[PDB]
């Protein structure tokens with residue numbers, strides 16, 4: 001929005017590096033909120049005219065960044081946007097230093113290429129044509145990424161782990177983390193490699209020089225004020241240019257001249273990059289003449305890359321949870337120190353054990369949290385899915401309330417047939433027009449095949465009865481969907497032209513030629529039920545061809561009924577999710593389907609604005625009260641913003657008759673209200689929609705093709721869509737639960753003199769890793785389409801209450817077990833001077849270890865979700881077998897001592913509490929916990945806060961509540 005620029009240069013050199021090195025450690029914590037850092041010695045507060053370093057200060061825009069200034073008059077880079085500094089106005093200007101306004105074209109016509117101006121300044125200006133395309137080596141990127149807080153924590157954790165006499169134990173997991181970082185490096189390198197797909201290859205083109213000399217130079221160099229040359233060999237035009245002479249067929253010249261440039265109706269002369277050239281007409285020689293407009297980086301080709309690179313997108317809850325853990329550790333450190341001092345151990349080598357315990361208090365359940373969702377991508381590959389190269393935003397897209405659909409080139413499926421004769425009442429002109437209506441979409445091919453015509457993939461057969469031969473054709477673009485073709489009719493009798501397009505588009509140009517009286521009501525009655533119509537016109541001879549045209553009739557066709565999407569829509573409707581579609585075929589072809597599918601029970605009406613004049617109103621036109629949004633309607637009422645634009649999109653049902661150019665704007669507007677709206681389309685008219693959409697769906701996109709952010713391989717969409725989000729939420733809950741449990745157990749089980757089996761620490765790592773906790777990452781199709789929607793937030797009243805009860809119960813049972821030693825033989829252990837590493841498991845260490853392990857197993861068995869949330873635990877045979885084996889081996893330790901007692905050297909246990917008391921207490925605890933979980937997870941949140949769930953900042957619920965006042 002708005003901000004300020006300030007800075008200052010260095011005063012001298014010789015001790016700045018020394019100061020930085022000495023004060024390096026505090027600077028690590030200053031990475032966040034650099035505002036405090038600008039007040040240090042780094043800013044001597046010199047004059048603003050000479051700074052050599054641009055620092056952005058937040059005034060109206062948040063999310064401050066860091067900028068760098070370099071000297072090749074001064075310039076600096078900011079998010080890929082080049083800025084030029086001038087000493088005449090004391091300000092920074094964009095790439096258009098003097099091209100901000102629309103100057104006259106007389107100067108552009110009178111130019112004669114380069115002049116005697118110094119090339120040094122012409123290079124100091126914004127410079128050559130290149131793109132960001134950053135490349136880094138493996139060691140460089142490795143060292144750069146080593147400073148991230150996430151990676152730094154792992155290094156500290158492993159370093160402190162090594163101090164606790166664990167070399168073969170922690171080294172393996174450290175190597176696993178390192179190879180995971182290597183996989184992340186590959187992840188971030190593959191995207192960089194893909195970025196290099198849009199860059200063209202270097203080629204030599206002619207460059208004009210003043211007076212009478214011409215030279216050839218590579219495209220790597222170019223400066224403003226030169227006549228560019230585009231040879232036929234060149235496929236990609238190096239930079240944006242506007243034709244000045246000749247003609248092009250991607251454009252015409254301007255030999256007549258014009259006054260002030262408007263760039264509104266004279267767009268036929270400007271040519272943009274990123275589009276191939278088919279044919280060009282050259283007046284002089286085989287080359288062309290043009291200008292050099294906005295060029296190089298920051299252009300369209302580079303502009304799209306910059307827009308998708310720098311500003312590309314709920315971590316506040318995670319940060320708050322991390323801070324909570326940190327404060328808990330800080331407040332428990334004093335207690336741990338007091339307990340250690342209670343044992344009278346003032347040795348220096350042992351006090352650091354308290355700090356080691358503080359460091360290890362936090363479990364490693366933070367680097368390893370996405371292992372579960374990786375296997376889901378494998379399952380999608382196994383059966384089906386739209387997995388991308390690097391799927392990492394499943395949780396982000398877990399929330400959604402609107403699902404889009406496409407019909408222009410997605411529905412219906414392939415297949416079409418003719419119905420009957422035209423309603424004009426076989427006809428010469430009709431057959432002649434139809435014969436040339438081909439793109440050799442497959443729809444035209446099917447039509448020509450059905451009508452009985454054979455044509456070359458220009459030449460055509462059956463000449464004697466109907467001589468037809470194609471001569472020239474125009475390309476089909478996204479906006480203004482139409483196809484005009486010029487054929488070689490002059491042979492028969494005279495030149496003729498034909499064009500096919502939507503009736504609405506052609507209705508705007510046939511007014512002065514001929515307007516049939518029965519064109520509106522008849523068309524409405526005919527197309528009111530499914531049928532789609534296109535308008536055909538002829539001209540007996542891109543603006544030149546659209547001068548005069550005559551309509552030849554209508555066209556009735558039917559694609560298919562596709563009796564497979566309706567069940568999908570009905571199932572989606574049962575989840576309180578509204579379904580919408582976007583297309584540009586016809587409003588009457590989209591309203592008809594809306595009345596025979598599960599999104600609205602009653603008949604929905606539509607509203608049409610009067611015209612583009614400033615006297616627009618809001619009339620009431622007929623076909624629970626949801627309105628239908630038409631193209632021109634919003635295209636015209638895009639004006640005054642405080643007219644409650646956000647408050648009408650929700651009430652709308654269909655957004656159609658909308659040119660694909662505004663797909664990105666529509667997606668941004670929908671997403672601006674914290675509403676994640678997906679996309680479901682194909683073709684070249686949904687590139688921007690998918691690029692600017694967090695989640696996208698495609699059907700016609702196959703493998704080995706990178707066009708959409710999500711690449712596919714209509715009915716198998718919702719089944720794999722909602723299930724994926726539900727499973728992601730379930731696994732995230734499965735982690736956070738039992739992660740809090742691991743934290744509290746590690747913090748609590750340290751009973752002053754219990755080492756928890758230092759040599760047996762692997763007994764838990766090989767109970768959690770690969771067997772049997774991280775397992776059960778299976779697909780979770782409940783086979784039901786109910787209204788189940790678990791929360792996607794780590795904090796929530798039901799989960800929090802369940803966790804509080806869980807810690808209360810575990811603390812109580814642990815205290816009871818600890819106090820149970822009173823009614824048992826004392827058996828006082830050895831005296832002090834060991835305090836831990838003596839490894840003296842006699843009657844408490846192994847007992848507590850086994851009890852804790854069994855408690856983890858019981859919680860995992862009971863905490864599992866039910867049938868409606870996930871599949872039953874008895875359906876996955878491997879997981880059930882693993883759980884049974886683990887339970888059997890655990891029970892065998894306390895069942896009877898055999899040969900296993902040799903290596904581990906388990907001590908004897910009194911028969912009084914060997915088979916009765918422990919079994920009774922553990923089974924009672926298990927049944928109590930199961931009953932508590934069943935009671936709590938049944939209907940707690942509903943009966944608690946169904947009506948007023950403390951509405952504070954819930955935006956979606958805010959709109960939901962506001963909708964009531966609009967009824």
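Each residue's number is its place along the chain shown, starting with 1.
Looking at the header, which is where the method is noted, we find electron microscopy, 4.9 Å.
Quick reminder: no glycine exception, Cβ is built from N, Cα and C everywhere.
Membrane topology from Swiss-Prot places residue 751 together with residue 844 on one side. Listed ranges 321-341, 384-404, 405-425; the one Swiss-Prot annotates as transmembrane segment is 321-341. As a quick check, the transmembrane segment (146-163) and the transmembrane segment (916-936) miss the bar of 3 or more Cβ pairs under 8 A, pairs 6 or more apart, so the two do not touch.
Ranking the recorded positions 406, 682, 686 by C-beta neighbours within 10 Å puts 686 at the top. Assigned with DSSP, the residues of the topological domain 'Cytoplasmic' (777-792) fall into helix, strand and coil as follows: 0 helix, 0 strand, 16 coil. Secondary structure of the topological domain 'Cytoplasmic' (868-878) per DSSP, as helix, strand and coil residue counts: 2 helix, 0 strand, 9 coil. Each residue contributes its Cα atom, and for residue 682 (Mg(2+) binding site) and residue 406 (active site, 4-aspartylphosphate intermediate) these two points are 8 Å apart. Against the transmembrane segment (167-186), the recorded stretches 321-341, 729-749, 756-776, 879-899, 916-936 differ in Cβ pairs under 8 Å, and the greatest number is found for 756-776. If you take the Cα of residue 686 (Mg(2+) binding site) and the Cα of residue 406 (active site, 4-aspartylphosphate intermediate), they are about 9 angstrom apart, rounded to a whole number. A break of 55 residues separates residue 72 from residue 73 in the model, with a C-alpha distance of 9 angstrom spanning it.
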